[PDB]
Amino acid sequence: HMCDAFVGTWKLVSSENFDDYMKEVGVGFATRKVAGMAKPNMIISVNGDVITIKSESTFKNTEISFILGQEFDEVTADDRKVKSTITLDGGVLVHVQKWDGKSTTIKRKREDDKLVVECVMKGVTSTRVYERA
């Protein structure tokens, strides 16, 4: 029952500061504009120790599978080649991506009936809110 409250299908309902987050990460103009328009469905599932997160939108469909605490290589939707580790820290799923001497963190937490996503790159934070589909 690792991650029970995260599991399911979720739909984006609000975003704040996401263009600025993407700028800080280094995403180019055209990608920012099309990615910032996306309204993804996030599908989280667990099978034994393996967690899978799928993000599906008109911009890109991505899928990552991982074991908590065990690093993996990831090609992001904006085409960064990153080394990622996802841990559970006090009930928060913490996803760190490292590439080119940089780092960014994406935190997912359950808050009321929502799944709140916080994206941080240096001093720039963005909040995304998901509801059950």
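Just count from 1 along the sequence shown to find any residue number.
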| Mean temperature factor over C-alpha atoms, higher-scoring stretch between 48-56 and 64-72 | 48-56
| From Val117, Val124, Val13, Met22, can you pick the one with the highest C-alpha B factor in the entry? | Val13
| note | Tertile call for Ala38 (CA temperature factor, within chain, third-based) is the highest
| request: Tell me, lowest, middle or highest third: where does the Cα B factor of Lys107 rank within its chain? | output: lowest
| said: Lowest, middle or highest third: which one holds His95 when the chain's residues are ordered by CA B-factor from the entry? | reply: lowest
| field | Third of the chain, ranked by Cα B-factor, where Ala77 sits | value | highest
